[PDB]
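Everything on this sheet refers to the single structure shown next.
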Amino acid sequence: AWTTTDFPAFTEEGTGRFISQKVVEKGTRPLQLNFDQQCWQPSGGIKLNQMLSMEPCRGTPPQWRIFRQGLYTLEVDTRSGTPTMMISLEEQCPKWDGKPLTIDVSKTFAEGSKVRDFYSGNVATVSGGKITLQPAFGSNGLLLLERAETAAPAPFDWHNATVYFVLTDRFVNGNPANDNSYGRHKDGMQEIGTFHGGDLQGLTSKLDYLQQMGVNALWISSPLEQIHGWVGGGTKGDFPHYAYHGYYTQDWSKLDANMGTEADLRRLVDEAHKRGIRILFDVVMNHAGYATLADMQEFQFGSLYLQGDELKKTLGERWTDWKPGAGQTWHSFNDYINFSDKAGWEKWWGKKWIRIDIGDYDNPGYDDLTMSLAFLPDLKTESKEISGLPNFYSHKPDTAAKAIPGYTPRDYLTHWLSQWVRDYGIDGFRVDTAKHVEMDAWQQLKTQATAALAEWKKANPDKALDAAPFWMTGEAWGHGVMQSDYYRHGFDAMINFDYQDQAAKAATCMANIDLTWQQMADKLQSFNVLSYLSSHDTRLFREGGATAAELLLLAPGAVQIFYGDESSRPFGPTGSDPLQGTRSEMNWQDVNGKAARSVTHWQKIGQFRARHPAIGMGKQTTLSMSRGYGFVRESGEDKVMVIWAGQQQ
Ligand SMILES: [Ca+2]
Ligand SMILES: [Ca+2]
């Protein structure tokens, strides 16, 4: 095994990587790693949180400087053939002496039965109703206690679901060729609001990576055709804002060319299903995307104050190629647009389709349902008027949208979204802006989507994992843990905004979460929610030290990993929009290096959750113990005990 003087013997933490942890005092010492009589030492100096190249030991050992007392982790990685190593520091709460725990399991696991700590893989035999186990390096003092007969994931349940929420554009660029669809440009600045180039092909390439994390639902940003152009970014227009996040839809009937082809979507869904991963589309029915110079020029709608030679002089051959000059911002292009012109702006969606404070359109209302959210065109979902297609679709010959006798705007929207479910076997939707569209519209969407999936599963019996119905979760801003009227208008679970602040209060002491977990375990006996630490419209949860994984994945109800939670993806450039930094590029360089053991930690807790529906669905009994923190959860035949030894410092 791997050893160094004055550290315990290294133990495997993910295949081909071995770690050791110890509370080390301030000072200096030599650093060599031994495997049998093989000796290795850092060859290029010693820094924290960096992959250190190693050489066979020669002369005086490299001197490692301990600038701060704390729990240090040494990591050795043999997956490159030559050992590389890594050094990292973790600098009224139960305390842990770092030594083995004796656990009373007499009420949980049978006398003489074998119990596994899933995290370490250590197995103990129940004797006098007790087992003794050492929490493994990287466990943070957790024992994940299960019957040793546990061997593989339990049947999928939405009430035990591990959802991975990915902004496809900011994850993996599978094909650079499709990065600049419809004349879209990078800004050459910090790319705050641009298409980075992430696509469905790229996302498909990481399905094994997600499967290893115990992910069994993949929530993707809408892949449907967005506005082609940009608007002013943030409060100051310091960046161009493109529809990289999928929330500014223009054509519901087509895939966005940046995301890829129909074939790419079919491969993503089919390969995801092959690995027991359900697909959720992020969907919008509340609004279409903003008017952009790209779309105005392409589809011949709107009105400009620029007439004569002044037009091509100012905005150029392609208006979307305009950049702000001296004394201008990315909002300044609006100065050239005549938003008051009735005739010009009717050529866009048309008066029968949207509310907006432009031209001759129905004015937005002064309520959540009919307001124009952030000046977005509000789709008339409640309208009973037979609309025909949007006016500007007359200049969009590539659309799959067809006029249908008697159809209202809502009928088109529910038909368009349902057709993706029918054609590809999409397992569910995450519904955006749920509080801004009337309940009856969401019920219609659910009914048609349910029919669509049943039709696909019947037509594709080889591909269908089960006969489970279509699943729908919604973002109703500020929704908590309660069975609201949403649950009686087509929603199987609502996104839980309240978990984030409760997790934050347990960031420095995991045991603080107990009351929240007891409440949620009891409340969610009768319904389901989708809880998160991080989101695109809140913040990235990075205060948990190494404990974010257990804080999320041991929560009752369905849980949502925001892409990069597993790798501590940093908050990115944000400009004058405080939310933009949450959509930073996936940190793949860190995943394969300094965040490698974090990813392994997430994989272990994620896999434990996938084996045990009791976690997501079980009644909780919090244990009374003289040392540490512990609870049991039980759902049908499934029973687990989670022990947390406490803080090692
Ligand atoms: Ca791409
Ligand atoms: Ca609305």
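For this chain, numbers begin at 1 and follow the sequence in order. Atoms within a ligand are numbered from 1 in the order they appear, just like the ligands themselves.
- For the Ca ion (ligand 1), the count of nearby protein N/O/S atoms, taking only those under 3.0 Å, is 6.
- We find that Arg170 and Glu191 are not joined by a salt bridge, their nearest charged nitrogen and carboxylate oxygen being 4.0 Å or further apart.
- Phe301 and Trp348 have parallel rings, their planes meeting at less than 30° on a 0 to 90° scale where 60° marks the start of perpendicular.
- Aromatic ring orientation, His479 versus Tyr487: tilted (interplanar angle from 30° to 60°).
- Annotation: protein N, O or S atoms under 3.0 Å of the Ca ion (ligand 2) (waters excluded) comprise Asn286 OD1, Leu369 O, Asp378 OD1, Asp378 OD2, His436 O.
- A salt bridge does not link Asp362 with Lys352: every distance from a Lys NZ or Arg NE/NH1/NH2 to an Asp or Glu carboxylate oxygen is 4.0 Å or more.
- With respect to the salt-bridge test (charged N to carboxylate O, under 4.0 angstrom), the residues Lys446 and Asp492 qualify.
- The aromatic rings of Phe470 and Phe429 sit perpendicular, their planes meeting at an angle over 60°, well past the 30° parallel limit.
- In summary, the side chains of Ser383 and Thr408 do not present any donor paired with an acceptor at a separation below 3.5 Å, with no hydrogens or angles considered.
- Looking at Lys384 and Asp411, no side-chain N of the basic residue comes within less than 4.0 Å of a carboxylate O on the acidic one, giving no salt bridge.
- Between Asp398 and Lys396 there is a salt bridge, since at least one side-chain N of the basic residue sits less than 4.0 Å from a carboxylate O of the acidic one.
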